[PDB]
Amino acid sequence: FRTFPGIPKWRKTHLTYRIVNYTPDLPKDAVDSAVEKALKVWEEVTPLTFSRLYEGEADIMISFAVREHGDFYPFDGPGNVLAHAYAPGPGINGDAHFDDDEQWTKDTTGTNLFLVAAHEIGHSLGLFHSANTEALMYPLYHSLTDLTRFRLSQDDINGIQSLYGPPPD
């Protein structure tokens, strides 16, 4: 694994997230599940717990966007940059933006929202890219992984616990 520079990490175990908008590519219900499951992944190996807001500024603001969308890094159309996110911190920090010029699916017939969400949310949590090929934090986008056999890799578990520790009990 690999954390960020100056090793940013939230100074609190409980984080709030908010889904700011919805992609026309999937039923609102599928977008919710992906985010909740992307969150389960990390929540299971650390003291981190999460809750949802429907208003106010949440730590982890999630949203879909196209091209220019409010920051300095406009999205680039279909493919290539799938989504980007920010390290822990105030305001735009911790937020995750998804490119809608991608076709977000619940399976692998395009860009799986879960798989890509878990990885972006690790960013919000403070993890940078991993050199480990079998790691979820690898800049790894592969459409050949059954969803069925997915499991966070020891590399991912190592790096996030480096920051927050193992589960309390």
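One rule holds for the numbers: they count along the sequence shown, beginning at 1.
| Mean C-alpha temperature factor, higher of 149 to 157 and 9 to 17 | So the stretch with the higher mean C-alpha B-factor is 149 to 157.
| task | Return whichever of 45 to 53 and 133 to 141 has the greater mean Cα B factor according to the PDB record. | result | Per the deposited B-factors, the answer is 133 to 141.
| query | Reading the B-factor column of the entry, which of 119, 37, 69, 28 has the highest value at its C-alpha atom? | reply | If I rank 119, 37, 69, 28 by C-alpha B-factor, first place goes to 28.
| request: Rank-wise, by C-alpha B-factor, drop residue 109 into the lowest, middle or highest third of its chain. | output: For residue 109, whose C-alpha B-factor we compare with every modelled residue in the chain, the answer is the highest third.
| query | Taking the C-alpha B-factors as the PDB entry records them, is residue 90 in the lowest, middle or highest third of its chain? | reply | Highest third, going by the recorded CA B-factors of the chain.
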